[PDB]
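In: Output the structure for:
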Amino acid sequence: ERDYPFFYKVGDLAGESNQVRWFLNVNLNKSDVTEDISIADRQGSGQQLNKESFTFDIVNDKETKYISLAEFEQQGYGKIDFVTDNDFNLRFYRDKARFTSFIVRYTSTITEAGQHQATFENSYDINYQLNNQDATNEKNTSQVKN
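Out: Residues are numbered from 1 along each chain as shown. Take a look:
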């Protein structure tokens with residue numbers, strides 16, 4: 001099994017025209033967690049977040065599920081909060097995140113100004129805590145070449 005970071009984010013320009021496909025890769029190695037996982041996401045310029053595009057690829061040693069944002073929340077996995085049109089906070093509750101990976105897929109529409117950018121960016125601040133470890137806080141910015 002490949003050794004992935006607890007969290008990483010990437011994107012590409014595959015599929016739909018004038019859209020950026022983003023991916024939030026959470027706990028791919030299915031480690032245990034001692035608290036909720038909280039992501040504060042601030043999207044870069046030249047993009048308009050498609051708030052209805054979110055899907056969740058959830059996997060553990062019991063089952064594989066691909067659900068919508070509404071289902072993600074209805075089933076007790078977590079909650080999202082769109083704080084602006086392009087910024088959102090996403091939380092994964094402790095219990096269902098234990099030994100479970102989440103690949104969150106969503107898109108953003110590329111604006112006229114965005115079409116002329118060299119790259120597309122998305123920044124995040126994530127808080128989480130693993131077993132026998134102190135809480136972790138990571139911040140970074142991912143880029144997609146245009």
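In: In the sheet, which residues pair with the one residue sitting closest to the centre of the chain? Tell me.
Out: For the chain, residue 24 is the residue whose C-alpha lies nearest the centre (C-alpha atoms, centre = their mean; 2.8 Å). Residue 24 has these beta-bridge partners by DSSP bridges: residue 9, residue 104.
In: ok now do it, which residues does it touch?
Out: 7, 9, 39, 41, 90, 102, 103, 104, 106, 124 (C-beta atoms under 8 Å, 6 or more residues apart in numbering). To be clear about C-beta, it is placed using only N, CA and C from the backbone, and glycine gets the same treatment.
In: From residue 73, how far out is the second one?
Out: Counting by C-beta to C-beta, to the nearest Å, the separation of residue 9 from residue 73 is 21 Å.
In: which of these two has more neighbours?
Out: Per other C-beta atoms under 10 Å, whichever of residue 9 and residue 73 has more neighbours is residue 9, with 19 against 14.
In: Could I get the contacting residues of that one?
Out: 22, 23, 24, 25, 122, 124, 140, 142.
In: For the longest helix belonging to the chain, name the packing helices and strands.
Out: As assigned by DSSP state H, the longest helix anywhere in the chain is helix 69-74. If you count contacts as 3 or more C-beta pairs under 8 Å, 6 or more residues apart in numbering; DSSP states H and E, helix 69-74 packs onto strand 55-59, strand 78-82.
In: just those strands: most buried one?
Out: strand 55-59 (a mean of 19; mean count of other C-beta atoms under 10 Å).
In: Buried residues, stretch 125-133. List them.
Out: 126, 128 (16 or more other C-beta atoms under 10 Å).
In: Any chance you could list what contacts that stretch?
Out: With C-beta under 8 Å, 6+ apart, stretch 125-133 has contacts from 6-7, 31-40, 135-139.
In: Before I go, just wanted to say thanks for your time.
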